[PDB]
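Novice: Need the 3D shape of this:
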Amino acid sequence: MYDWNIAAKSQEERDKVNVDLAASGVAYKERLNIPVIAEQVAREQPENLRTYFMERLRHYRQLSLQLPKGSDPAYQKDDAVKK
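Specialist: Residues are numbered from 1 along each chain as shown. Below is the structure:
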């Protein structure tokens with residue numbers, strides 16, 4: 001699907017988000033089922049925001065488990081059966 005955050009005009013804005021979406025594709029896609037390419041963001045990941053990407057990344061992990069199908073043990077329903 002290529003880039004999508006083209007709405008970012010400023011430099012500081014596009015860089016932080018480019019690395020933000022990067023952290024998403026890498027984990028969010030492999031965990032749940034988000035349709036994106038991990039290496040696609042790997043070639044556009046600004047080392048200048050390597051810190052931010054990790055912040056969102058670590059966060060994405062927390063939701064990786066909470067998120068829908070793909071990897072969720074505690075996503076049971078009615079507290080009766082787990083699925």
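Novice: Of all the residues in stretch 69-81, which ones are buried?
Specialist: Counting neighbours by 16 or more other CB atoms under 10 Å, one finds that the buried residues in stretch 69-81 are residue 72. All C-beta spots, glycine's among them, are computed from the backbone N, C-alpha and C.
Novice: before we move on, what about stretch 8-24?
Specialist: By neighbour count, with 16+ other CB under 10 Å as the criterion, the buried positions of stretch 8-24 are 14-24.
Novice: And the contacts of stretch 50-69?
Specialist: Stretch 50-69 is touched from outside by 16, 19-20, 22-24, 26-28, 31-33, 45, 70-75, with contacts defined as CB atoms under 8 Å, 6 or more residues apart in numbering.
Novice: So which bits of stretch 42-56 are buried?
Specialist: 45-46, 49, 52-53, 56.
Novice: For the protein, give the helix that spans the most residues.
Specialist: Determined from DSSP state H, the single longest helix within the chain is helix 50-66.
Novice: C-alpha coordinates for that one, CSV please?
Specialist: Taking C-alpha atoms only, helix 50-66 is exported to CSV below (Å, rounded to 0.1, in the frame of the first residue of the first chain):
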residue,chain,number,x,y,z
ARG,A,50,14.8,5.5,16.6
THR,A,51,13.8,6.4,20.1
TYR,A,52,10.1,7.2,19.3
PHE,A,53,9.7,4.1,17.1
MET,A,54,10.7,2.0,20.1
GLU,A,55,8.3,3.9,22.4
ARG,A,56,5.3,3.1,20.1
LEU,A,57,6.8,-0.3,19.4
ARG,A,58,6.9,-1.4,23.1
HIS,A,59,3.4,0.0,23.4
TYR,A,60,2.2,-1.9,20.3
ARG,A,61,3.4,-5.1,22.1
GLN,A,62,1.1,-4.3,25.1
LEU,A,63,-1.8,-4.1,22.6
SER,A,64,-0.4,-7.0,20.6
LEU,A,65,-1.8,-9.3,23.2
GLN,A,66,-4.9,-7.2,24.0
